[PDB]
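Undergrad: This is the structure I have questions about; it appears just below.
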Amino acid sequence: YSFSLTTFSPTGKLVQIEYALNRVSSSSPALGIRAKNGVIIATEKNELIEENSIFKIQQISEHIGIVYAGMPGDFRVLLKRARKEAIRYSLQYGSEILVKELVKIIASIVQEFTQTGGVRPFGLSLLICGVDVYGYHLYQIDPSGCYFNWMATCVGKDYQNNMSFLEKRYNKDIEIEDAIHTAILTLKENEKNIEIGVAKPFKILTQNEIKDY
Amino acid sequence: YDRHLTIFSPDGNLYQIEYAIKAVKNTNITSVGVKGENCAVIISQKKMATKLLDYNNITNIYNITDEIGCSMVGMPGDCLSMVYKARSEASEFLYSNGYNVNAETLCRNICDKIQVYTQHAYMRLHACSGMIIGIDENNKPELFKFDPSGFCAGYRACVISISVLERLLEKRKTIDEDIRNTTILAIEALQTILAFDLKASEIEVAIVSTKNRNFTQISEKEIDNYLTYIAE
Amino acid sequence: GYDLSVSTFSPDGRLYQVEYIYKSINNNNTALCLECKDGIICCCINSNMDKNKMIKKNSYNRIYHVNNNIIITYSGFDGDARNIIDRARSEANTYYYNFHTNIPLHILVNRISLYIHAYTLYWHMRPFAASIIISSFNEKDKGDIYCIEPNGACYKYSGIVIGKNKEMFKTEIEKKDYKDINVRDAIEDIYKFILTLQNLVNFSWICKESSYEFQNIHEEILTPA
Amino acid sequence: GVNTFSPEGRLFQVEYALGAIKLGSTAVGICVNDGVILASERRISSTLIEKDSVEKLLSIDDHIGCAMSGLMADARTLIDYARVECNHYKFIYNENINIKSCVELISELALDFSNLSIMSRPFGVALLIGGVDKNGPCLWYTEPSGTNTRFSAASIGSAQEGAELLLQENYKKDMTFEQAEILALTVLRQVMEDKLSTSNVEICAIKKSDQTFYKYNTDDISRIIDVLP
Amino acid sequence: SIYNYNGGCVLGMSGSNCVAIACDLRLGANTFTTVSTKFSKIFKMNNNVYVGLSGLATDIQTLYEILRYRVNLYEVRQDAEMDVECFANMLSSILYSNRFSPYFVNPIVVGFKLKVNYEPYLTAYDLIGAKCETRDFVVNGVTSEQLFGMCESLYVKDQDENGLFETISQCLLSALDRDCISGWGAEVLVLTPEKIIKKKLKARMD
Amino acid sequence: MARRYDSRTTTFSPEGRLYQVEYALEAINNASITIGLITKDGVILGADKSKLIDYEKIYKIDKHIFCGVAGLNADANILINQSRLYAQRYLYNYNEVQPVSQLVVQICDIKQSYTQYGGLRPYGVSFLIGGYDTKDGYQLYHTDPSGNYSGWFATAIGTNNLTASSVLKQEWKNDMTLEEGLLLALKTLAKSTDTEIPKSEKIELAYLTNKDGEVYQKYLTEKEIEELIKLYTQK
Amino acid sequence: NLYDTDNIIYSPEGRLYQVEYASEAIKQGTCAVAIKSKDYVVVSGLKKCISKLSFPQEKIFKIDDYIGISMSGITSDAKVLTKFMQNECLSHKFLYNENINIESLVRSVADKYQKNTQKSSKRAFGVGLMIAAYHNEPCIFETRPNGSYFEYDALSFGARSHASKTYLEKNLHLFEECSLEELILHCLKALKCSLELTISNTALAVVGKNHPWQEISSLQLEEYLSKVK
Amino acid sequence: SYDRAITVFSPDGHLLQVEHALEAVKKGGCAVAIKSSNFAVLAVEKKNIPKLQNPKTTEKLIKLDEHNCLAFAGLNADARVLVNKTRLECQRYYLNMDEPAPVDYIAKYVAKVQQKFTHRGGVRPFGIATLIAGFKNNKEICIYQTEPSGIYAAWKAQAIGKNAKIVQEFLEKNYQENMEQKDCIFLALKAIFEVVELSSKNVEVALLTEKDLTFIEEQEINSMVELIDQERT
Amino acid sequence: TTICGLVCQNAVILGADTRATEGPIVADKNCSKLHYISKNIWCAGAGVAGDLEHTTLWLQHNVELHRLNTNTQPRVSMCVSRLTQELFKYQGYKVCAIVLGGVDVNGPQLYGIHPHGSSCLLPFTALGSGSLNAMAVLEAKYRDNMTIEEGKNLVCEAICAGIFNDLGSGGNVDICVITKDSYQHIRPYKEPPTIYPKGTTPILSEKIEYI
């Protein structure tokens with residue numbers, strides 16, 4: 001009854017993971033930029049849908065935030081799981097979970113769905129930004145379950161072009177505002193279409209704060 | 001066999017989700033939820049999902065708790081199953097936390113459950129879409145909508161027809177007067193969307209309001225009065 | 001290729017397996033429940049058994065009951081129907097354990113519908129091939145008749161026919177109002193409908209003459225009709 | 001699937017297993033008033049094997065013997081289960097189990113793959129199980145279909161048809177135990193594809209005078225050989 | 001009475017950029033028979049985290065093994081040393097996971113919180129994890145009353161490594177000399193951000 | 001039914017071949033090249049990895065064990081975590097560090113169980129496990145997806161592993177110091193990439209040695225690799 | 001053909017093909033007949049014989065003092081059902097101090113039948129059972145693989161049962177007023193129409209008022225067959 | 001395939017999975033076992049890439065327990081797993097029987113394990129064949145061969161792996177019952193070298209006695225390979 | 001131990017002493033007994049210290065998880081419900097007498113939770129060994145409407161009564177004022193040698209290791 005629906009192709013590829021990657025690539029763009037004193041995650045989104053109800057950017061913990069590109073429901077599930085794991089770490093050790101370890105645990109949970117039987121892979125890619133005693137981190141988690149460490153990245157439509165833009169405008173030692181301005185420029189390559197979160201505890205910018213930028 | 005299971009296709013889509021959405025659309029049942037300043041209204045058709053039949057018993061509106069209500073459109077078995085799952089989640093939330101769940105939490109939990117279906121290949125998708133309305137702790141109405149895909153979103157007005165609601169709301173832009181105006185808005189919205197004259201006995205309207213939080217359905221006499229007021 | 005499992009939606013949103021179940025139910029024996037002025041009358045016509053001449057006379061019965069005040073009949077498989085009826089009786093027993101009173105009819109119907117529908121969700125279970133009728137009649141509330149489809153849909157009627165020729169039994173039954181007719185007047189009517197008998201038809205009511213409780217129709221009452 | 005019916009009403013798996021029992025060396029079982037005798041050819045595949053390591057006639061119990069055809073790993077599993085069950089019966093009841101009861105137990109195990117109420121497939125084995133109980137000597141045949149048939153004389157193996165024909169031809173109820181041995185040996189000689197002699201055949205008997213499994217040796221075979229025609 | 005089977009005592013103290021952890025070296029049996037004199041109750045988790053376990057010897061060894069397992073896993077998975085406060089919280093949770101069938105151990109955690117600034121960190125526990133963070137000293141074991149008297153009367157704040165060594169060794173020895181089931185040698189470890197001094201004191205063997 | 005959708009991952013092919021294992025081997029052969037070798041001083045592991053990327057081939061399993069990866073990185077992470085668990089459990093149970101061969105056997109058993117049990121796919125990863133213990137000194141092991149493993153003095157995995165193997169056999173010698181082994185590792189990393197010069201921003205290089213009786217692992221930074229690269233270049 | 005692969009698939013015709021194949025497994029069993037009068041039920045079946053040296057296959061089985069059965073189809077499944085019913089009757093007689101209601105036992109057997117039709121991992125019982133008992137009245141029941149069961153005045157099934165059906169249809173009105181011998185001979189004449197009946201190839205049992213289930217002995221069967229012929 | 005049946009009967013009656021496990025055994029390296037009065041000799045083929053592969057790390061000549069040894073041909077990881085199960089059962093026998101496990105008991109255990117895998121849902125058959133040499137309870141030495149199907153049989157001298165038929169035919173014409181240790185080793189070597197390239201790095205020969213299993217030092221193998229060269233001209 | 005709480009206008013004032021005892025011996029002189037559950041919810045405890053501390057951590061982290069999921073300000077009712085369910089799940093054991101204060105949508109709510117799983121909505125309460133003295137002060141001087149300053153003074157006087165009349169209580173006076181908007185945690189709200197010659201202690205051996 002329980003058997004893998006993700007199988008090695010004759011060439012050694014896992015075509016379900018490739019298809020989930022295609023789905024994520026056909027999803028709305030999100031990106032992250034790590035500035036010398038912070039890290040920011042930005043994303044882009046009919047006169048009826050309430051904006052406040054469909055945040056893509058969410059708060060994993062006091063100093064950890066997450067954004068996604070892919071399937072909203074899978075994201076909700078994985079967000080609840082990441083919050084649960086952060087809380088479990090806090091209960092065990094009495095301190096906020098480190099960004100790298102949370103990324104590793106979520107990566108393991110994502111990989112589990114590429115191997116266990118009777119489950120499709122998560123159809124999303126995650127950008128997790130956080131600050132710990134070891135600085136600021138911006139990690140990307142793939143549908144496959146592999147996690148990359150980034151200074152800056154984009155994970156949606158035309159992400160080749162957006163990666164090129166970030167590379168041509170990104171500098172190692174930059175301030176937060178300079179990064180936010182680069183982030184907004186990358187996404188536009190309106191204010192109602194922008195959601196930004198900055199790392200004080202992780203914060204998500206209000207409508208006015210986006211507008212004045 | 002790529003489109004049979006809840007697995008990805010070469011393009012990355014989950015075609016079973018789209019098929020369940022088409023199943024929901026096939027029922028030819030329309031339901032409309034409208035938010036007011038201190039009130040929310042849900043109006044549904046009183047027809048069955050596609051003579052001696054009891055027409056009173058036919059309904060697409062259900063009561064999850066005293067103060068939270070829903071309209072479920074889809075395959076009737078799936079609709080009843082989702083209603084029962086929502087009621088179980090509400091009772092569990094009340095027991096475990098000691099206060100009444102609000103519509104947002106209920107919609108998000110229901111969508112987590114829907115996602116479990118959409119991912120585990122051994123279960124079939126519920127061809128059920130839902131509106132949930134209630135009054136949250138901040139004394140404002142909540143009106144959320146979810147589909148078979150597991151996507152939930154809050155709305156000022158939703159249908160399970162967008163430009164009609166847009167025009168009506170931008171036209172609109174006392175507590176009893178607010179309730180009455182939103183009810184007129186919902187009835188007119190359904191009449192517009194359906195594009196035919198409504199019968200007071202073929203449509204069900206329910207409201208939640210700060211004056212009376214309890215999700216209640218208004219009698220057919222009041223609906224008849226509202227219908228008469230329109231066109232006059 | 002979308003009609004080999006109950007857990008796969010066709011492109012058009014349809015579940016073919018349930019349609020096949022519907023065809024199976026439409027090909028089976030006839031059953032009907034009719035709400036009259038003083039009670040409900042359930043009648044099952046077993047036309048599939050005109051061949052079997054060795055069957056003990058009037059032994060086969062598709063009409064069952066719950067709590068002695070609910071009539072439950074069906075059209076479909078005997079095994080599936082027996083499964084459903086056993087579940088209904090188990091639900092009634094659990095309800096009485098919990099609360100010390102008989103289960104309301106609508107709650108029982110909802111629970112039975114959920115039980116049926118739970119079998120159209122997985123690829124390792126066969127969905128039930130049986131349409132169910134659950135009926136009751138109280139002195140205060142008069143009659144309440146529910147038909148449950150194989151898909152989990154439940155609907156309330158003043159008269160229902162499930163099985164073969166149902167579209168003719170309906171048009172003959174719809175020909176006149178029965179809420180203003182006594183059951184005894186209806187027994188003659190139902191017989192005339194079947195002809196257009198003493199050993200292929202199950203009869204029962206719940207009416208005032210039987211104290212609003214289940215009862216098979218005594219022979220001296222059916223024969224003159 | 002394994003539990004799938006054919007349009008004719010026969011399980012595919014047991015039908016396929018029927019072809020498996022047709023392989024292996026041939027055995028013969030004969031029941032007479034004095035006891036039951038099982039003889040078996042030994043298809044020695046090489047001169048480097050230890051001939052006695054390959055067994056044909058095992059003791060399900062002190063009073064029960066069995067000759068197996070088909071897949072010998074499966075046959076060993078079946079005989080081990082039979083031994084365990086017969087000893088459990090002996091402990092619970094303090095008496096020697098009936099041969100028919102033992103065959104029924106083997107059959108219920110054989111079809112346990114169906115999962116009507118754990119093995120994964122049918123047992124590609126056919127057993128001639130003989131022995132002496134309170135009712136006297138008896139000999140049974142059980143096959144993958146799960147059906148067990150009592151036999152006065154029977155044969156199994158690759159050359160089952162010829163041996164069974166000869167047994168039908170030359171079997172008499174009144175015939176003596178010595179005649180039973182002579183008949184078993186002559187049938188095996190006619191149906192075997194070698195020169196009958198010592199170390200080439202294996203004989204066991206459960207005699208009614210003892211109700212005990214007894215395995216023959218050389219100078220028991222040779223005694224029958226020197227009286228064959 | 002369970003703690004009387006083996007005896008033992010552990011004592012932690014802090015100074016200025018230094019921290020001392022000391023213990024007695026006895027392993028007894030049946031509360032009066034001294035079976036070993038080299039049974040050290042101080043275990044090193046990492047350069048900045050040390051633990052002292054007192055109570056049942058079997059429980060001490062089991063808990064040390066569990067702590068080493070957890071700490072090694074944490075450090076390898078993070079490629080960095082566990083923070084002392086995180087180790088203290090983990091030890092508390094490990095102790096409380098066995099609230100009803102506990103390890104009969106009264107641990108103390110000693111070390112340095114890194115901020116570089118090396119702030120002494122001390123904390124004591126009961127057998128079920130109830131922890132008290134203290135700024136001057138921590139005591140556990142059967143000799144707890146005598147040790148509390150010693151660290152009450154003799155503790156001086158902000159002592160250099162030699163002053164801290166003298167004070168802690170005197171406290172431990174004077175407390176032990178009034179205890180029947182604890183003693184037979186004393187081990188003292190003074191950590192400073194650059195080095196560790198390990199000394200075995202010349203103690204009574206009574 | 002569901003067996004119609006089932007792929008039967010744990011099944012023999014007609015030729016006595018495991019199709020899943022072969023396809024996993026192909027996937028690993030399409031992975032980036034990781035090499036390992038043994039010197040008198042210790043064990044060396046090397047590997048080759050956008051400009052906005054901030055160690056993804058060499059990982060530490062224990063104070064005395066480390067692993068180079070080839071294949072799928074998520075499966076590699078799962079197996080690395082399980083290997084760390086196994087080493088720590090051995091230390092917990094016995095009070096002594098786990099010998100390298102024992103850890104390799106445990107991890108390879110976990111690999112093979114997926115090819116014999118259940119209906120799941122195998123791990124599509126291969127490991128080069130280097131380590132030091134007292135009984136066998138320095139050890140390097142190769143593990144493939146089937147749970148088979150072997151012991152080597154110098155080996156390669158991934159793309160162009162044959163050319164790297166040829167270079168290793170031609171150059172690797174019994175008596176090499178740490179520096180000479182590192183230069184040979186860089187040379188092999190060069191030859192397998194078909195490049196005259198290695199670039200130091202796409203190289204992973206680490207070594208495990210025993211000194212003062214203590215096992216020490218060094219993961220080489222970019223600038224230390226720059227020094228190694230220039231040294232390799234003058235010669 | 002895609003619709004007959006598993007037991008949980010309905011055909012577009014609204015048909016279960018696996019269960020129909022399990023039922024088709026019932027036509028290749030030996031013919032058995034059951035008839036009743038106002039006091040007795042007589043069951044007579046043809047024992048199958050697979051060779052000259054074979055012993056006839058058992059055809060009827062005792063379930064309880066006043067309950068017996070005959071089978072047609074796969075024998076191992078029938079054995080599982082037989083043991084289930086025997087344990088059910090015995091458990092009833094142990095928990096309470098009364099014989100089991102026959103309708104209850106038949107309905108529990110039908111539940112056991114219909115349960116296997118619901119899950120893909122299981123297959124329907126490939127055997128049809130006729131149950132003859134006396135519970136205040138002679139009763140004949142028939143179970144089917146699909147979970148359906150019925151109560152009969154006269155019943156027959158197995159190979160070539162249509163001749164037995166025609167005889168029973170011709171003589172049904174006599175059975176009610178027939179005495180024991182006349183009704184035994186009617187059942188035997190039907191069974192003979194199905195075909196020679198001998199003491200070895202025919203099984204015959206009776207059960208009725210103050211007459212527990214009892215297979216008819218060999219001398220009685222010989223006399224009855226002489227009366228038939 | 002958690003519980004799905006993997007080994008099934010083919011239309012002809014065969015269990016194809018077992019024939020595929022037999023193919024796996026045929027792909028493996030050759031091994032030979034020869035029995036004498038109170039000792040046995042096992043010679044296994046080894047293939048390692050010179051100068052790069054550690055030759056000590058591979059062990060197809062396994063000591064199961066105090067008195068029983070094993071050699072296998074087939075998949076190596078399956079062989080390791082089966083060997084570990086066999087050692088666990090040997091020690092369970094010690095612990096419950098208070099006596100060492102006789103060779104025949106261990107051979108039956110491995111045969112039943114292979115049968116079990118051939119006869120359970122959700123498991124692949126072991127693709128390995130084994131030769132187990134040991135001593136019985138009467139202190140008699142015995143050699144058993146177990147096949148992937150789970151069938152086992154005892155032998156005087158038997159060869160398994162690739163080209164096992166040729167080695168069998170050679171051993172038929174050359175085995176001479178009781179033979180001295182030196183000549184028995186020589187016979188094992190010249191039998192195994194009928195199929196493997198003549199080189200001391202292509203063989204590993206060990207000898208089992210009542211005291212222990214000893215692996216032959218390579219100087220002797222070199223001498224016998226040179227002697228076989230002499231006899232080949 | 002002495003913990004107390006009271007409800008003043010739009011706020012909850014909790015107070016506690018700062019002494020932990022290993023029986024007759026003062027084990028800690030500056031223990032902290034006021035425990036942060038959420039920004040608007042605080043708790044204080046008496047009983048088995050490990051039980052109080054770990055139950056409080058569990059409740060805090062579960063409440064943060066709930067707040068993250070529902071995006072709604074936590075409720076004192078939820079905290080008391082979870083606490084009662086957990087305490088009742090253990091048939092009396094895991095002794096924790098807890099004063100749980102907070103301010104939520106329904107105003108300032110104070111609860112007293114018994115170790116066995118019973119809760120009580122209260123205007124003012126005290127728990128611990130010095131509970132009776134704190135109750136005496138509160139009863140004598142408490143009044144329905146009091147300013148935050150008056151509430152703090154009453155809490156401090158009650159805790160001081162417990163300290164100076166109960167042998168199990170002593171140390172400083174911690175207080176916390178929780179309002180619907182924020183909290184202030186006044187940790188020290190009120191606060192009512194030999195140097196041995198170097199080389200005096202003999203040793204047997206010395207080992208120097210440089211990190």
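Here's how to read the names in the structure tokens: chain A, B, ... by the order shown, residue numbers from 1 in each chain, ligand numbers from 1 in the order shown.
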Run DSSP on the backbone and grab whatever in chain H lands in strand (DSSP E); send it over as a ChimeraX atom specification.

TA: /H:31-35,40-44,61-63,69-74,128-135,141-146,152-155,157-160,204-208,213-215

Undergrad: For residue G:118, list every protein, DNA or RNA residue within 10 Å, evaluated using only C-alpha atoms, and leave out those in the same chain fewer than 6 positions away; present the list as a list in words.

TA: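 That gives residues 79, 80, 119, 124, 125, 126, 127 and 128 of chain C; 7, 8, 9 and 124 of chain G.
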
Undergrad: Write out as a PyMOL selection string all residues of chain B that DSSP puts in alpha helix (DSSP H) for this structure's backbone.

TA: chain B and resi 15-26+76-97+103-119+162-172+175-194+220-229

Undergrad: Would you give me, as a list in words, the residues of chain G that come within 12 Å of chain F, using only C-alpha atoms?

TA: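 The contacting residues on chain G are residues 2, 3, 4, 5, 6, 7, 8, 9, 10, 118, 119, 120, 121 and 122 of chain G.
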
Undergrad: Mind listing as a PDB file with N, CA, C and O atoms, in the first residue's frame which residues of chain F are within 7 Å of chain E, counting only C-alpha atoms?

TA:
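So iface_35.pdb came out as:
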```pdb
ATOM      1  N   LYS F  60      31.587  16.379   8.344  1.00  0.00           N
ATOM      2  CA  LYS F  60      32.145  15.712   9.512  1.00  0.00           C
ATOM      3  C   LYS F  60      31.095  14.793  10.116  1.00  0.00           C
ATOM      4  O   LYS F  60      29.964  15.218  10.375  1.00  0.00           O
ATOM      5  N   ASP F  62      32.220  12.486  12.786  1.00  0.00           N
ATOM      6  CA  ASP F  62      32.669  12.401  14.165  1.00  0.00           C
ATOM      7  C   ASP F  62      34.070  12.984  14.237  1.00  0.00           C
ATOM      8  O   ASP F  62      34.721  13.212  13.213  1.00  0.00           O
ATOM      9  N   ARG F  84      26.035  10.116  11.958  1.00  0.00           N
ATOM     10  CA  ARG F  84      26.397  10.784  13.202  1.00  0.00           C
ATOM     11  C   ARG F  84      25.660  10.159  14.375  1.00  0.00           C
ATOM     12  O   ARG F  84      26.250   9.912  15.438  1.00  0.00           O
ATOM     13  N   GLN F  88      27.566   8.262  17.538  1.00  0.00           N
ATOM     14  CA  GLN F  88      27.324   8.686  18.908  1.00  0.00           C
ATOM     15  C   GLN F  88      26.681   7.570  19.718  1.00  0.00           C
ATOM     16  O   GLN F  88      26.972   7.418  20.908  1.00  0.00           O
ATOM     17  N   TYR F  92      28.058   5.891  23.099  1.00  0.00           N
ATOM     18  CA  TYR F  92      27.167   5.740  24.245  1.00  0.00           C
ATOM     19  C   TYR F  92      27.182   4.315  24.780  1.00  0.00           C
ATOM     20  O   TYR F  92      27.258   4.099  25.995  1.00  0.00           O
TER      21      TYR F  92
END
```

Undergrad: Kindly give the distance, in Å, that separates atom CA of residue H:173 and atom CA of residue D:45, rounded to a single decimal.

TA: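 We find that atom CA of residue H:173 and atom CA of residue D:45 lie 14.9 Å from each other.
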
Undergrad: Applying 9 Å and only C-alpha atoms, which residues near residue F:167 remain after dropping the ones on its own chain fewer than 2 positions away? List them as an NGL selection string.

TA: :F and (162-165 or 169-172 or 184 or 187-188 or 191-192)

Undergrad: Would you put the residues from that selection into a file with C-alpha atoms, as a compact mmCIF listing (two decimals), in the first residue's frame?

TA:
```txt
# COMPACT_ATOMS: atom_id res chain seq x y z
CA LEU F 162 38.00 7.06 -14.52
CA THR F 163 40.45 9.79 -15.50
CA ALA F 164 40.84 10.76 -11.84
CA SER F 165 41.47 7.10 -11.01
CA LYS F 169 47.14 5.26 -9.75
CA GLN F 170 49.91 6.88 -11.81
CA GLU F 171 50.78 9.36 -9.06
CA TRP F 172 49.59 7.95 -5.72
CA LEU F 184 48.28 15.14 -5.75
CA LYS F 187 46.33 17.60 -9.55
CA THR F 188 43.61 14.94 -9.78
CA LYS F 191 42.75 16.41 -14.48
CA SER F 192 39.17 15.24 -13.95
```

Undergrad: Counting only C-alpha atoms, collect the residues of chain D whose closest atom lies at most 8 Å from chain G, and write them out as a list in words.

TA: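 Taken together, these residues fit the definition: residues 3, 4, 5, 6, 7, 8, 9, 10, 107, 108, 111, 114, 115, 116, 146, 147, 149, 150, 151, 152, 153, 154 and 168 of chain D.
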
Undergrad: Counting only C-alpha atoms, collect the residues of chain E whose closest atom lies at most 6 Å from chain A, and write them out as a list in words.

TA: residues 86, 89 and 90 of chain E

Undergrad: Write a file of the selected residues as a PDB file, in the first residue's frame, keeping C-alpha atoms.

TA:
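Here's the written file selection21.pdb:
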```pdb
ATOM      1  CA  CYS E  86      21.824  25.825  26.270  1.00  0.00           C
ATOM      2  CA  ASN E  89      18.539  23.960  29.770  1.00  0.00           C
ATOM      3  CA  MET E  90      19.073  20.642  27.990  1.00  0.00           C
TER       4      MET E  90
END
```

Undergrad: Which neighbours of residue B:222 fall inside 12 Å, counting only C-alpha atoms, when residues of the same chain fewer than 2 positions from it are skipped, and could you give them as a list in words?

TA: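 In the requested form, the answer reads residues 180, 183, 184, 187, 200, 201, 203, 204, 205, 206, 217, 218, 219, 220, 224, 225, 226, 227, 228 and 229 of chain B.
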
Undergrad: I need the chosen residues saved as a compact mmCIF listing (two decimals), in the first residue's frame, with N, CA, C and O atoms.

TA:
```
# COMPACT_ATOMS: atom_id res chain seq x y z
N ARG B 180 -29.52 45.80 7.10
CA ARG B 180 -30.49 45.81 6.01
C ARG B 180 -29.81 46.09 4.68
O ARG B 180 -30.13 45.45 3.66
N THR B 183 -27.86 43.06 3.48
CA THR B 183 -28.75 42.01 3.02
C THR B 183 -29.30 42.34 1.63
O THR B 183 -29.36 41.47 0.75
N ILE B 184 -29.71 43.59 1.42
CA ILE B 184 -30.14 44.01 0.09
C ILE B 184 -29.01 43.82 -0.90
O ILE B 184 -29.23 43.37 -2.03
N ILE B 187 -28.69 40.04 -1.76
CA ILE B 187 -29.80 39.56 -2.57
C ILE B 187 -29.70 40.10 -3.99
O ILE B 187 -29.89 39.36 -4.97
N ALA B 200 -38.79 33.94 -3.49
CA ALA B 200 -38.48 34.04 -2.07
C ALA B 200 -38.27 32.67 -1.44
O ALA B 200 -37.60 32.56 -0.41
N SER B 201 -38.83 31.61 -2.03
CA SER B 201 -38.77 30.28 -1.45
C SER B 201 -37.63 29.43 -1.98
O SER B 201 -37.44 28.31 -1.50
N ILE B 203 -34.32 30.52 -2.18
CA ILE B 203 -33.05 31.10 -1.77
C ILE B 203 -33.01 31.22 -0.26
O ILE B 203 -34.02 31.52 0.39
N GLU B 204 -31.84 30.98 0.31
CA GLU B 204 -31.62 30.98 1.74
C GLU B 204 -30.58 32.03 2.09
O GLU B 204 -29.49 32.04 1.52
N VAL B 205 -30.91 32.90 3.04
CA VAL B 205 -30.04 33.98 3.46
C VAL B 205 -29.79 33.85 4.96
O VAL B 205 -30.73 33.67 5.74
N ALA B 206 -28.52 33.93 5.35
CA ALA B 206 -28.12 33.85 6.75
C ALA B 206 -27.17 34.99 7.05
O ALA B 206 -26.46 35.48 6.17
N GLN B 217 -30.53 32.21 10.28
CA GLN B 217 -31.12 32.32 8.96
C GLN B 217 -32.44 33.07 9.06
O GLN B 217 -33.26 32.81 9.94
N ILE B 218 -32.64 34.01 8.14
CA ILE B 218 -33.81 34.89 8.20
C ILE B 218 -34.97 34.23 7.46
O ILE B 218 -34.80 33.59 6.43
N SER B 219 -36.17 34.42 8.01
CA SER B 219 -37.36 33.73 7.53
C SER B 219 -37.71 34.18 6.12
O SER B 219 -37.28 35.23 5.64
N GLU B 220 -38.52 33.35 5.45
CA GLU B 220 -38.85 33.60 4.05
C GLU B 220 -39.68 34.86 3.88
O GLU B 220 -39.68 35.47 2.81
N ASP B 224 -38.82 37.76 1.27
CA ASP B 224 -39.82 38.24 0.33
C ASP B 224 -39.92 39.76 0.38
O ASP B 224 -40.03 40.42 -0.66
N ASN B 225 -39.91 40.33 1.58
CA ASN B 225 -39.94 41.78 1.71
C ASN B 225 -38.74 42.41 1.00
O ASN B 225 -38.88 43.40 0.28
N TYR B 226 -37.55 41.85 1.22
CA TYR B 226 -36.36 42.39 0.57
C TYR B 226 -36.47 42.30 -0.95
O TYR B 226 -36.15 43.26 -1.65
N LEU B 227 -36.91 41.15 -1.46
CA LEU B 227 -37.06 41.00 -2.90
C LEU B 227 -38.06 42.01 -3.46
O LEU B 227 -37.85 42.58 -4.53
N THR B 228 -39.15 42.24 -2.73
CA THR B 228 -40.14 43.21 -3.17
C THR B 228 -39.54 44.62 -3.19
O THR B 228 -39.79 45.39 -4.12
N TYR B 229 -38.74 44.95 -2.18
CA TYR B 229 -38.11 46.27 -2.14
C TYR B 229 -37.27 46.51 -3.39
O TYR B 229 -37.31 47.62 -3.95
```

Undergrad: Find the residues around residue C:15 up to 10 Å (only C-alpha atoms counted), leave out those fewer than 6 positions away in its own chain, and share them as a list in words.

TA: residues 20 and 23 of chain B; 2, 3, 4, 5, 6, 7, 8, 9, 120 and 151 of chain C

Undergrad: To one decimal place, how far is atom CA of residue D:174 from atom CA of residue D:160 in Å?

TA: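 Result for atom CA of residue D:174 versus atom CA of residue D:160: 24.1 Å, one decimal.
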